[PDB]
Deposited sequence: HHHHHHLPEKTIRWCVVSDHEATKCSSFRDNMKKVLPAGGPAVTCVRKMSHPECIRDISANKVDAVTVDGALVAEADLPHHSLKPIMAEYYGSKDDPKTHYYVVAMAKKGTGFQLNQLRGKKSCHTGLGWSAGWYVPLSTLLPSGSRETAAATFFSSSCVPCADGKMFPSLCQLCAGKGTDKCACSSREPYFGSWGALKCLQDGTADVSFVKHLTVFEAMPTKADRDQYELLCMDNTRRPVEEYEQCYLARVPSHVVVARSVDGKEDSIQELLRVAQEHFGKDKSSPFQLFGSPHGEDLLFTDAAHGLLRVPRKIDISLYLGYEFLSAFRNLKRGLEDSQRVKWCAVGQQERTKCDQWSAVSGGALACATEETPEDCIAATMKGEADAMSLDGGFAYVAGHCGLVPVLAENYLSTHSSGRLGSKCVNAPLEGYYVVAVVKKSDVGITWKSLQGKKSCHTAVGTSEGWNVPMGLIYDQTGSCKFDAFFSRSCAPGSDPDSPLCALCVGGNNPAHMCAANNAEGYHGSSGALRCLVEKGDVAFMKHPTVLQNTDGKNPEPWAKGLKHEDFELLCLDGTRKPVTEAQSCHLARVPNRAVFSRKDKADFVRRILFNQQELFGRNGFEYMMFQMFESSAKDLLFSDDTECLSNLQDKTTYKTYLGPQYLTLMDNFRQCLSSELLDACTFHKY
């Protein structure tokens, strides 16, 4: 049944687990499942069996859960440890190198000597230390010949004897992947200094001052900094190898007793948290050290929705993790089917410089890119805040129509700055009553949630006017792709070819985008939110679609902040706000690459084509696929290298005061671990 089985590796953790079971039965007997202690040889065995349905949860170093993006290996973190207090959750711990004072060895002075590691596959002592000094070919068996003799538990000593030399166990129990090996984890590997088995022991900072001989023995051992210098252990925040995340409680991503383990740990921290009572301590292990949980933790917090082992660990960690054991194409992320077909025809003509990838919602693309499943893509101003808060940086800006006064433009666009676009709220001129002083109760149409056009702006102001994030309260009946299907926010929405697209955050919806946002107003809603004069792009014969046949721009009238209504042609005078124009985002590494590749491609398929000969990239068959149907080119960011300097102070501050109402799971998965 839903009875959670906990993975244990020693006898002391089994005695602690039995006490966790018994004690939890008393506090949480109804509205809570029991616990059972299933033993296994090691944590890596625990990860494996949780995938096999033999166990349910264990608290490990996510680096170990890095062998889980394959078949029979899929697992995701559901709870996250923290240190400090409850007001200030610290979800990280520094990886530092320890050594006696006198040997005087520096960062570079780590060449083939006597070193002790927490274990094989551990980020605390295997992955981070090895990334500090990246070898030629980056291999794990390569560090076995580089170092003369070291103590790396879990390693198979049958093939690599010099890798289990400083490990003092007992025949079959030596170099073990559990407590059976005296030198194991951050506690056992630190003993190589106390005892003097190795000159250096790569360990976490929390095990240093906890397993410290005397409160002042913080002077007998020093740290090796990245600055090839030394420094007292007392200053680990400015002399650390790398700062890795906390241990997490793992379980099967799909059907793994998630809600059961969430409820168990919620009460277990209510009654047995950080010495609230007295009897049984969840985080204060008796016999062994770090039993069931890291002795140093103060609690556990539930990780957000859309956060996998790749989001948790970070692209930084994993770029280095993919070269240890295991381009010229720019994998573009396409949102939807229509956007994926405009991308594959674009992949054909590039000869081979631009590849593709497809996700369902914009935020999923940003997640794809962060990882390395996609490389870049164009993002709206709202999603660029999320993409920015998530580690992605701008490459080029999607420059729109320039101030009309000249015949035409040329190589003049590549560096032509642009004041983005004016978001405008449009309403039918037919109704002689709809005003900004009375939008409540009226039906509205939204581009999509999270967009500058139909969300952050119109709804950022509405909130500075009411004070509640319940917008289905304000506009009775509306269509904002991405909202909750059961709420009024997805009432006027049409949909796609089949169900499930009812209110999908992609072009597979009849009222999605500015084109759809206008269609909606034409037939269902009373108000609408879109960008820079896009109404002329769909009226008076501009759009082929049936809904835009006998539509004249006189049928439509803009609405201004004050209350009055002005012509849709004059949006410079009547608008909601000026927002930063769209931008291409990617990682710090694929930054210059994509830009160089993008310049080359618009040079071939930019606005310098003819009719249908070349390929239109700044022109989509439908509406705004990959790039808005009104972009001139892609301009240099210039000084604006960050999202902060790109979006600007005004808009960025608008996203902070609106952040409360933003229910972006992505933004909160990225913002989970504070630093």
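Engineer: Give the ranges of the deposited sequence, numbered from 1, for which the structure holds no C-alpha coordinates, in sequence order.
Structural biologist: Seq positions lacking coordinates: 1-8, 335-338.
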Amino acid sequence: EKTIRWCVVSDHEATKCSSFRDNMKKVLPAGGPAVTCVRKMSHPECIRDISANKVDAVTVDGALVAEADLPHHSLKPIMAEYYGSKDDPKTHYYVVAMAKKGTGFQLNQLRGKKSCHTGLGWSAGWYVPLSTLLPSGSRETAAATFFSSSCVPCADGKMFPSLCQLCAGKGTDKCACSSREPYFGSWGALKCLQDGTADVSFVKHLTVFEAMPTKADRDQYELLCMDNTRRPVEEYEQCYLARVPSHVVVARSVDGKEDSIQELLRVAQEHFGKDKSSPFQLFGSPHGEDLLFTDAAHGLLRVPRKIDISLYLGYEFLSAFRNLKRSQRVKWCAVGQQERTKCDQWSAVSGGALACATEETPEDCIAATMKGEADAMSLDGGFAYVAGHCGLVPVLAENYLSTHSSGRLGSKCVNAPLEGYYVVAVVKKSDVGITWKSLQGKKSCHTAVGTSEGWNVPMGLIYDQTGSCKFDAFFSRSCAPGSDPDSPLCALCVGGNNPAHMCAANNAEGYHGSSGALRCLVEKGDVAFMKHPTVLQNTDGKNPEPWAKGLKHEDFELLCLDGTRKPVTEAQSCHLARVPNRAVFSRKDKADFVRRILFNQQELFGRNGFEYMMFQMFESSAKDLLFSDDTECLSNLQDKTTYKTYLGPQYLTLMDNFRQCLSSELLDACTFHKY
From here on, numbers count along this sequence of modelled residues.
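Engineer: If you take the mean CA temperature factor per stretch, which one wins between 352-360 and 111-119?
Structural biologist: Per the PDB entry, the higher value belongs to 111-119.
Engineer: May I ask you to compare 600-608 and 129-137 by their mean CA B factor in the entry and name the higher one?
Structural biologist: It is 129-137 that shows the higher mean C-alpha B-factor.
Engineer: Report the option among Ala591, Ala500, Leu291, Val579 whose CA atom has the maximum B-factor in the deposited record.
Structural biologist: Comparing C-alpha B-factors across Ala591, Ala500, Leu291, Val579, the top value belongs to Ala500.
Engineer: Out of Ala528, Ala297, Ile307, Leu193, whose C-alpha atom has the biggest B factor in the entry?
Structural biologist: Reading the PDB entry, the winner on C-alpha B-factor is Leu193.
Engineer: Select lowest, middle or highest to describe the third in which the CA B-factor of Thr145 falls within its chain in this entry.
Structural biologist: It belongs to the highest third of the chain when residues are ordered by C-alpha B-factor.
Engineer: For the chain shown, is the CA B-factor of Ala416 in the lowest, middle or highest third of its modelled residues?
Structural biologist: Within its chain, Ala416 is a middle-third residue by C-alpha B-factor, going by the deposited values.
Engineer: Using the temperature factors of the C-alpha atoms in this entry, rank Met614 within its chain: lowest, middle or highest third.
Structural biologist: As the PDB entry reports it, the C-alpha B-factor of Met614 lands in the highest third of its chain.
Engineer: How does the C-alpha B factor of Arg230 compare with the rest of the chain: lowest, middle or highest third?
Structural biologist: As the PDB entry reports it, the C-alpha B-factor of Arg230 lands in the highest third of its chain.
Engineer: Can you tell me which third, lowest, middle or highest, the CA B-factor of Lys674 falls into for its chain?
Structural biologist: Within its chain, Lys674 is a highest-third residue by C-alpha B-factor, going by the deposited values.
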